[PDB]
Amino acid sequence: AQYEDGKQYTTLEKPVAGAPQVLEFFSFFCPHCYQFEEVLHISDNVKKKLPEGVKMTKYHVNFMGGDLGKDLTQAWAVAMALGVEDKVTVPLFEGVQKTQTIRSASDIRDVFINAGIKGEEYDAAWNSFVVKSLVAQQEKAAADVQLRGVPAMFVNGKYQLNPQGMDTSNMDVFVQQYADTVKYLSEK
């Protein structure tokens, strides 16, 4: 058929109860994640095709970058808690991978301050238990899909996107196929 298990997607042996409808994992240290987000715009192309009432969730991972990697997962929790993901995603990626001006937790915080988040507001969130629970949620989600690498995307806790089984191509047909596959999976 057009969409096939083992081709554009695979099926989790252990489906995840209560999982987000569309769940993406990434790291700000991850070179292909930079490409996915800043060049291919995978997240945004997926959203433009998602059915009504389907939300996208995006989580950061710890296993790249050591201490700074964990700081970035905690900062991503802060972004989620404050609802400023669309203000910090580009400067965090560029800070880590383009300019390489993000080397410490303070450097991460600078991105938020420069983006207009008040210092008080960032620090209260950073130190909050709401943020510690959001870090834990991100780690738990990774365990639940038995995550091995990033970038990665899962639909309804049952299906895993398999870009390896899609076209190389014009980047753009790849992106289109990826977004079309997510939409098919969401309706499955």
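The first residue of the shown sequence is 1; numbering continues from there.
Original post:
So 169-177 or 21-29, which one's hotter by mean CA B-factor in the entry?
Top reply: Mean C-alpha B-factor is greater for 169-177.
Subject >> Between 121-129 and 53-61 (mean CA B-factor, as deposited), the higher >> reply: Mean B over CA atoms: larger for 53-61.
Subject >> CA B-factor ranking of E139, expressed as a third of its chain >> reply: Middle third, going by the recorded CA B-factors of the chain.
Subject >> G116 by Cα B-factor - lowest, middle or highest third of the modelled chain >> reply: Answer is highest: the recorded C-alpha B-factor places it there.
Original post:
Which third, lowest, middle or highest, does the CA B-factor of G66 fall in along this chain?
Top reply: It belongs to the middle third of the chain when residues are ordered by C-alpha B-factor.
**OP:** Place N156 in the lowest, middle or highest third of its chain's C-alpha B-factors, as listed in the PDB entry.
**Re:** Tercile = highest for this residue's CA B-factor.
Original post:
Once the chain's modelled residues are ordered by C-alpha B factor and cut into thirds, is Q35 in the lowest, middle or highest one?
Top reply: For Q35, the deposited C-alpha B-factor lands in the lowest third.
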